[PDB]
Protein chains: 4
Amino acid sequence: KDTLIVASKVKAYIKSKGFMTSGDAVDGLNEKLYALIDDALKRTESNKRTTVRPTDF
Amino acid sequence: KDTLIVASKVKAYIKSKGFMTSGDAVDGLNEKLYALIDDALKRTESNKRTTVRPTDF
Amino acid sequence: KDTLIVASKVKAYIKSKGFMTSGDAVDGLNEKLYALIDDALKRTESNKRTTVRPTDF
Amino acid sequence: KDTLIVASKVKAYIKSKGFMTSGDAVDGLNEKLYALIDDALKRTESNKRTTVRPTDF
DNA sequence: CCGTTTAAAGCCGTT
DNA sequence: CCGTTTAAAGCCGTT
DNA sequence: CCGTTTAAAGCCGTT
DNA sequence: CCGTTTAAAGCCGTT
DNA sequence: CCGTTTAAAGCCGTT
DNA sequence: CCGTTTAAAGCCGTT
DNA sequence: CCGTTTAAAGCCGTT
DNA sequence: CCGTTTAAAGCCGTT
């Protein structure tokens, strides 16, 4: 639902590597980010934890 | 280098799924995000493109 | 459906790094592999291609 | 080093989805698979475990 | 297939 | 408890 | 065609 | 917001 | 140009 | 292994 | 910033 | 021990 990334920051970085960002690239990256977090929450739970660690991503 | 994600938004979502976020979780997620983008830029280039599309992620 | 990985080869490698493999680890890795390929096929198609390249993974 | 996937099985599946496999696609998929396992071994260790579980992938 | 044994899970008081 | 792996069982042609 | 970005428009307190 | 312009898409004959 | 796949070549015991 | 053929790459004018 | 408190880590005997 | 979050402190224009 909510945007979790800083579009301007992402475009800044992509530009710095000699590339451009499509109108719908950020929405797509945001979908991948949710998938990462949802994957991480399943790893947290399978380790009997309530606290997500960097290693769970 | 730069933070690309909204820590507060990430913690909000993780909380809503009945979990907590570690002090260093967001920095870890930020590393994964860079890896996603760096992977995507290699896909853009291998398709002879300068414009990153959502599909490249 | 079909197993795409060499269980014995995977266990060999995991052992060589000083770790063991759970009874259901390989089935789980096989699920991740399918997800990688299904992701790659969507990248192939979005580039108007029928031939999957290493870069699509 | 070692091939961990069944090239013929992978090509079989990719064919069944209406696509072809490049000469160097399988080597590329094999690299991604190693990256998955190396990622999984770091998750195993950070949970103070020696036994890789499906959830670690 | 099975025995050996290493490793994970369980319990509880501490951080 | 469970994964690893050594060892036993099975099959068949020889002694 | 489309993404980037420069430039114009909008708002308000000053000249 | 909009103009500029770079880049992607389209078409077709070759590899 | 390249990937797919059909077809030819190789090996050996039979006719 | 090799022939067939589908698909990707190349070129250029348009969007 | 800080206090509250939930959760993770530690220890050891069991599976 | 640590993450969450409530509460206190800081800044400034008013009473």
Side-chain angles (χ1 to χ4, degrees), chain A residues 3-8 10-46 49-57, chain B residues 3-8 10-47 49-57, chain C residues 32 35-36 38-47 55-57, chain D residues 32 35-36 38-40 42-43 46 55-57:
Chain A
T3 304
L4 300 173
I5 59 177
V6 183
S8 51
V10 178
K11 296 210 193 219
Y13 179 74
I14 290 176
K15 187 183 189 292
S16 81
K17 300 298 171 170
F19 292 92
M20 293 179 169
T21 304
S22 77
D24 59 346
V26 166
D27 293 321
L29 183 54
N30 208 57
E31 301 312 314
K32 296 303 191 190
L33 191 45
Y34 274 97
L36 271 186
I37 297 164
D38 296 348
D39 286 350
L41 300 192
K42 288 176 209 290
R43 295 203 190 87
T44 304
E45 192 163 17
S46 80
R49 275 187 288 106
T50 77
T51 313
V52 188
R53 297 205 192 115
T55 49
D56 293 330
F57 299 113
Chain B
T3 304
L4 300 173
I5 59 177
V6 183
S8 51
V10 178
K11 296 210 193 219
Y13 179 74
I14 290 176
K15 187 183 189 292
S16 81
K17 300 298 171 170
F19 292 92
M20 293 179 169
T21 304
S22 77
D24 59 346
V26 166
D27 293 321
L29 183 54
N30 208 57
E31 301 312 314
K32 296 303 191 190
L33 191 45
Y34 274 97
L36 271 186
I37 297 164
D38 296 348
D39 286 350
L41 300 192
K42 288 176 209 290
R43 295 203 190 87
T44 304
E45 192 163 17
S46 80
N47 287 295
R49 275 187 288 106
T50 77
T51 313
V52 188
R53 297 205 192 115
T55 49
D56 293 330
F57 299 113
Chain C
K32 296 303 191 190
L36 271 186
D38 296 348
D39 286 350
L41 300 192
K42 288 176 209 290
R43 295 203 190 87
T44 304
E45 192 163 17
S46 80
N47 287 295
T55 49
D56 293 330
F57 299 113
Chain D
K32 296 303 191 190
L36 271 186
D38 296 348
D39 286 350
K42 288 176 209 290
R43 295 203 190 87
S46 80
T55 49
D56 293 330
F57 299 113

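Here is how names work: the chains are called A, B, and so on, in the same order as the sequence lines, proteins then strands, and each is numbered from 1. What you see below is based on every heavy atom in this structure, not just the backbone, and it leaves out hydrogens, waters and symmetry mates.
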Looking at [atom1] of [X] and [atom2] of [Y], how far apart are the two atoms once the value is rounded to the nearest 0.5 Å?
X	Y	atom1	atom2	answer
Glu45(B)	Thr55(C)	CD	OG1	11.0 Å
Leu4(A)	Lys11(B)	CG	NZ	13.5 Å
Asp27(B)	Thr3(B)	CG	OG1	6.5 Å
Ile5(A)	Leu36(B)	CD1	CG	10.0 Å
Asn30(A)	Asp24(A)	CG	CG	12.5 Å
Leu33(B)	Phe57(B)	CG	CZ	8.5 Å

ask   = Do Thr50(A) and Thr44(A) come close enough that some side-chain heavy atom pair is under 4.5 Å?
value =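 Counting from C-beta outward, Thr50(A) and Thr44(A) never come under 4.5 Å.
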task = With the side chain counted from C-beta on, respond yes when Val10(B) and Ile37(A) share a heavy-atom pair under 4.5 Å apart, and no when they do not.
result = yes
ask   = Considering residues at least two apart in sequence or located in another chain, which fulfil the side-chain contact (heavy atoms from CB on, under 4.5 Å) criterion with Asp39(B)?
value = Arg43(B)
request  = Could you tell me whether the side chain of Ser22(A) and the main chain of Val52(B) form a donor-acceptor pair under 3.5 Å?
outcome  =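 The answer is yes, because a donor-acceptor pair under 3.5 Å joins these two groups.
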message = Looking at every heavy atom in both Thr21(A) and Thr51(B), which two are closest together, and how far apart are they?
response =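 Heavy atoms only, the tightest pair is C-CG2, 4.1 Å.
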Which atom of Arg53(B) lies closest to which atom of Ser46(C), heavy atoms considered =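 Taking every non-hydrogen atom into account, NH1-O, 3.7 Å.
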